[PDB]
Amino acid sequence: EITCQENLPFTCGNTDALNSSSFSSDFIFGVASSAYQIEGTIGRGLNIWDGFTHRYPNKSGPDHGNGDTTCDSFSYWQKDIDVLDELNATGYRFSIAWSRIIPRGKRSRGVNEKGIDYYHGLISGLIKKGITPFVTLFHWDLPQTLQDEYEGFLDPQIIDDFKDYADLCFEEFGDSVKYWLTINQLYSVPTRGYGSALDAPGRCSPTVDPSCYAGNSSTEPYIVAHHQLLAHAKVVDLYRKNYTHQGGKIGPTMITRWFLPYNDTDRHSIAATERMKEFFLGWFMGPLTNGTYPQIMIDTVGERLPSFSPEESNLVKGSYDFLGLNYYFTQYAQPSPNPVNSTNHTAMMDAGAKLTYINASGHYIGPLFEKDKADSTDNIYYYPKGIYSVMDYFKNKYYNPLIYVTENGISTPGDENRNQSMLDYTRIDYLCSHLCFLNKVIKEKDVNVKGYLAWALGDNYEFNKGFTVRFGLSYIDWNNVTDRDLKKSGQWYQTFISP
């Protein structure tokens, strides 16, 4: 019988008690990255994260940081491989920058051979060290040209441009890459990119944020989400019809959270909690498992919710071999009004829920996850049991899928000096406590989880935060980015992997 801790102090950093041998022999352990966050702009065209961070520097991070140079994995990809080799990792998730291989967006405009060569060399280097690549086609970095031609995922033109990009990736890299992710965190671009305008491309209703160049936060999230699902599904169909000889697997990436009632004896909070599951997870998992959006979304969102045709429904339903599930934290849910006629209405209001990290009796859900220095009542707290609850829910609700945990990690402040930054015991605690619950759910609930990739390989540009936080298991000096030095967490993870 497995017992796992939910509160500080944690004792799962002892590899005598928790290590890779606790999991099945074939289980993959590694780390993750994304292209905007690590590569730099050298050698690629411009994408909407370049555009957004440059047009709206205060939205890029408090330091106005961006991905222009970052950790320079364009130059230092071998050093990334070296970290993975030091870890004895068996997996690495990275993304392909669309703008590096097709700078002009549309494949018929030509490819960048040198960009293709960059990923060939990375892939070959990984495989030579026994590391399985997990490759994200689209980690938010849409070529700027496509956003300017037709507003990107706002328009159905995205589907064929994404398909042709993906086809090039399968053609060039699929002989070696056997695990593909289509779109990173399906929920995020619709809501943050087109709802709150916290993320690229930065569209919203005028009264939500007067700096947005255009948008409608009530309608566009739904349009974009719908196009994401269709573009994803078209790529999965292309993969499974035209690249079956490659013997690989493909799936989407979800951001997952668990949700608990703010007041577990209040029917209204219980209802809000179940609505959140539907609106947060079901928005995408309903289509992916059934070809339809959840009924509560149909009912609430009404004419703002697009319909799938019968052909589209069939294309989207079942459009995965596995799910990449990202998991960071859990929220309490309580009811909230949905003012659909307000000029500041957002899609996110349609769930009719307010989310907190403290429940009605004043209980904080778990240890600190992210401090918010401008408003401490907005601090985020984590909840290790949430990974158990999410995986159990996916198994039970969503037809026992094959799952890889494609991100899980925690930040430390960029204000810490290097010695403090390397002494990242809070990261060991977060990672181990989640791994304990992941082992527990696999054993107790028989969830088909076959790997775990911690966020992040190394310090990088963090969307929305610049270089003001660090997520890496290895440390990068922003004054001299060449080295990636394993932190205490990376050293712990090395021991966990090879105990």
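Counting begins at 1, following the sequence as shown.
Higher mean CA temperature factor between 312-320 and 187-195: 312-320, per the PDB entry. The stretch with the higher mean CA B factor, choosing between 38-46 and 24-32, is 24-32. The PDB entry gives the largest Cα B-factor of the residues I158, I365, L87, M285 to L87.
Ranking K385, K277, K371, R427 by Cα temperature factor from the entry places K371 first. For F463, the recorded CA temperature factor ranks within the middle third of the chain's modelled residues. For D141, the recorded CA temperature factor ranks within the lowest third of the chain's modelled residues.
When the CA B factors of the chain's modelled residues are split into thirds, the value for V441 lands in the middle one. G248 sits in the lowest third of its chain by CA B factor, as recorded in the PDB entry. Remark: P294 belongs to the highest third of its chain, ranked by C-alpha B-factor as recorded.
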